[PDB]
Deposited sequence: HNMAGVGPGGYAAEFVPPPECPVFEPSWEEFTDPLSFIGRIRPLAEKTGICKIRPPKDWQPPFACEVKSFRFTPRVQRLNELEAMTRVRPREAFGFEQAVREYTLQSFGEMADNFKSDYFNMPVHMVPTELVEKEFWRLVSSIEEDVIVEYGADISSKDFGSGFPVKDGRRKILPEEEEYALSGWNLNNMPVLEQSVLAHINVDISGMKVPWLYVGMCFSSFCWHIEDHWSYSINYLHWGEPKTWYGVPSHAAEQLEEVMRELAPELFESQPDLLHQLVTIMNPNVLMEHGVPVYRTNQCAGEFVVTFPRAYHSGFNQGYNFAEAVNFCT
């Protein structure tokens, strides 16, 4: 009846030596991580970048998310979104936000997605460009002050602004930036893969965890087949890029049909990498702030 958590994906704790170059480290962990689709990477304890967005100006109108919309077939600052998000969660669970077990939010999320008796609606500050108010990482833009002790983070290969993003092509010889996600409890992203089957890297700057599910690329067609069988027939003929706007599916349904699924709780200061053609989806445990970019190898 209640949700059964998938097995945990790999977590890596690189030494300072291994942490020198992201692409080299990702290439070395690939034989394991590609078999789980997603992995988590914990930087060394002393690697702590400052938060570098323009907080005074940061304003956005999040999208509304009706958790049960398939089954059924306003403007905020960072501060005022946080107040709304914490009030929502503490009221929903009748306890302080940090006291709510991650497993309980997870079980309740999947219950609500399939419930026709209770219509829970949340908001997500999703797909906000780093160009609007800056990246959460420091950048040598000349647009914001960088303290000496922060320069190493502006120059780090793990700063998402410094990941390689240009794919090799003939058109490149003939002829972009990270996105931000301000989460609250139950805000979510449905199953998808990246454009061009790209890798992605995701960093949780601060706040409560982001819960992830991943499927390895060798099972991509299995997942697509389960979607074909069980996803709303009204949307069955839609191209993948549109279907993936609403590809909501409980991980246990995929697991029951033989699709390998792995989970993790990404906590503040931790990276999640998604491998090429690894389907993923997830939800936020509470008020948080993430940055993500597609990268090339």
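- Unmodelled regions of the deposited chain sequence (numbering from residue 1, in sequence order): 1 to 12, 86 to 100, 203 to 208.
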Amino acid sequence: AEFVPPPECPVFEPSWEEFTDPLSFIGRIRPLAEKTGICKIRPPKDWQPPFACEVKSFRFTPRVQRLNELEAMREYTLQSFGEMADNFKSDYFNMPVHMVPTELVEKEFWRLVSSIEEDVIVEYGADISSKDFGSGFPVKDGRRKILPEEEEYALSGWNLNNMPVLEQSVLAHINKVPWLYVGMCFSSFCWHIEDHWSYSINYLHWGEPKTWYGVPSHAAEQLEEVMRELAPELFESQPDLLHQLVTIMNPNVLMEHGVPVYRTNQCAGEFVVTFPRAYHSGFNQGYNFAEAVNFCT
From here on, numbers count along this sequence of modelled residues.
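Take the two forms, superpose them, and find the largest set of C-alpha atoms that agree within 1.5 Å; that set is the rigid core.
- Looking at 56 to 64 and 228 to 236, the one farther from the shown form in 9 other deposited structures of this protein by average CA distance, after a rigid core fit, turns out to be 228 to 236.
- In every other compared PDB entry of this protein that covers both flanking sides, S187 is modelled, so it falls short of the one-third threshold for missing coordinates.
- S114 is built in all of the other entries compared, counting only those with both neighbours built, so it is not a gap in a third.
- In this entry, 219 to 227 has the higher mean Cα B-factor, the comparison being between 219 to 227 and 182 to 190.
- Remark: stretch with higher mean C-alpha B factor among 232 to 240 and 30 to 38 is 232 to 240.
- Highest C-alpha temperature factor among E208, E71, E123, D91, as the PDB entry reports it: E71.
- Take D195, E149, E83, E106 and read off each C-alpha B-factor from the entry; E149 has the highest.
- Sorting the modelled residues of the chain by their CA temperature factor places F25 in the middle third.
- Remark: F12 belongs to the middle third of its chain, ranked by C-alpha B-factor as recorded.
- In the PDB entry, a CA B factor belonging to the middle third of its chain's modelled residues is recorded for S130.
- When all modelled residues of the chain are sorted by CA temperature factor, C296 is found within the middle third.
- In this PDB entry, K56 carries a Cα temperature factor that places it within the highest third of its chain's modelled residues.
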